[PDB]
Each structure stands twice: as structure tokens, then as C-alpha cells.
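Taking it in order: structure first as C-alpha cells, then the write-up.
If you read the sequence from its start, that first residue is 1, and numbering goes on from there. Heavy atoms only: backbone and side chains are in, while hydrogens, waters and symmetry mates are out.
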Amino acid sequence: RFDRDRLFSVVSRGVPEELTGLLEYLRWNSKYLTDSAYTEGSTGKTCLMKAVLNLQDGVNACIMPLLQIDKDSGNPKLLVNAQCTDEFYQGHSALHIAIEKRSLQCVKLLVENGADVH
């Protein structure tokens, strides 16, 4: 299987290969990275937001693999446009984090993959 506390540890590392098995577990159990089980729970914050936090030299090699696994899972509510849900951080998104972290490389990467700019 493949689970949140493993995944959130992988998205902070410089090697994405530890994601192997995630697409198989998601697509065999009919689940997606936008589902509540794969979020920080207090805010509805996702693995992609946790990947856009802590960028090494302005980039993170795990972001494209996460977006590939999400597209390969067939998720209707695409991970790139997932937002926080609590009263304080409602509507916060990975694109807002990429902009505040000052990574034009990450903003380009998110917008190329269908990040809603509105």
C-alpha cells in the first residue's frame, strides 16, 4: 500500500523514486491525492503544497511525479487546484505558496500543468 506519512516524507526529499507503488495503490483502491486521507486534515493541505514548501535551489524534483501520478489516477478534482478548507486558510493553494516562496520555476511548472490563476 501507500500512505500519507510516507508520502509527505518523500515529497520533501530530492529523490522521487520512493513514490513507486503509489499509482498502483491509488488506482487499485479507487482513491486520489485530493482525497481527505492524503491531506494534513487540520487545513485540507495536500502533498503538492508540502512539495512546493521546502524547495532545493528553487526547485523540487517530486512535483512533476506527483502531477503525473494525479493525471494517471484520472482524478476529477485535480491536485494542482486543491485548496485549504479551514476558516483561516480557506482557498489557499500550491500556486500561492510557489509565488510567496519566490520560485518562478515552480510557478511555470504549476501553470503549465493547469494551475488556475484565479
Side-chain angles (χ1 to χ4, degrees), residues 2-14 16 19-23 25-27 29-55 58-70 72-118:
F2 211 119
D3 212 339
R4 166 162 47 106
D5 301 328
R6 175 180 166 125
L7 179 59
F8 288 181
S9 194
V10 181
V11 306
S12 187
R13 276 181 294 271
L19 297 175
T20 44
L22 178 59
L23 178 61
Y25 186 67
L26 287 171
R27 198 161 62 186
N29 204 229
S30 303
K31 282 174 182 164
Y32 317 112
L33 295 178
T34 303
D35 297 337
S36 182
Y38 292 101
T39 74
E40 299 224 292
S42 57
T43 61
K45 163 190 171 183
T46 68
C47 55
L48 176 65
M49 298 179 202
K50 207 162 187 169
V52 176
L53 296 167
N54 58 91
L55 296 181
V59 71
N60 180 344
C62 191
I63 294 171
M64 286 183 183
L66 291 167
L67 294 167
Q68 289 165 5
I69 289 168
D70 190 54
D72 294 343
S73 301
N75 177 17
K77 293 179 179 177
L78 296 173
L79 177 65
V80 75
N81 295 322
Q83 287 173 309
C84 298
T85 306
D86 69 279
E87 180 168 13
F88 273 79
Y89 311 105
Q90 189 169 18
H92 190 38
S93 78
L95 181 60
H96 288 120
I97 303 168
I99 295 168
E100 165 45 31
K101 289 289 178 188
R102 309 185 73 88
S103 178
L104 177 60
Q105 297 91 327
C106 191
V107 170
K108 285 179 176 186
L109 197 170
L110 290 171
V111 170
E112 285 162 18
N113 282 278
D116 181 7
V117 194
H118 301 267

[Y] reachable from [X] in the ILVMFWY side-chain graph, under 4.5 Å edges:
X: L104; Y: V59; value: no
X: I99; Y: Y89; value: no
X: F8; Y: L48; value: no

query = Please walk me through it: do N75 and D70 pass side-chain hydrogen bond (donor to acceptor under 3.5 Å, both in side chains)?
reply = CA-CA 6 Å; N75 177 17; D70 190 54; 3.3 Å; yes
Heavy-atom pair with the smallest gap, counting every atom of [X] and [Y]:
X: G58; Y: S103; answer: O-OG, 2.7 Å
X: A115; Y: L95; answer: CB-CD2, 4.2 Å
X: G114; Y: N81; answer: O-ND2, 3.0 Å
X: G14; Y: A61; answer: O-CB, 3.9 Å
X: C62; Y: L19; answer: SG-CD1, 3.8 Å
X: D86; Y: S42; answer: CB-O, 3.7 Å

Side-chain heavy atoms of [X] within contact of [Y], under 4.5 Å:
X: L109; Y: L67; answer: yes
X: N60; Y: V52; answer: no
X: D72; Y: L26; answer: no
X: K45; Y: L53; answer: yes
X: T46; Y: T34; answer: no
X: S73; Y: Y32; answer: yes
X: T39; Y: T85; answer: no
X: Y38; Y: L79; answer: no

With rounding to the nearest 0.5 angstrom, report the [atom1] to [atom2] distance, [X] to [Y].
X: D3; Y: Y25; atom1: CG; atom2: OH; answer: 6.5 Å
X: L55; Y: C106; atom1: CG; atom2: SG; answer: 5.5 Å
X: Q105; Y: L110; atom1: CD; atom2: CG; answer: 11.5 Å

Intermediate values then yes/no, side chain to side chain contact (heavy atoms under 4.5 Å, CB included), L33 and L7: CA-CA 10 Å; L33 295 178; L7 179 59; 3.6 Å; yes
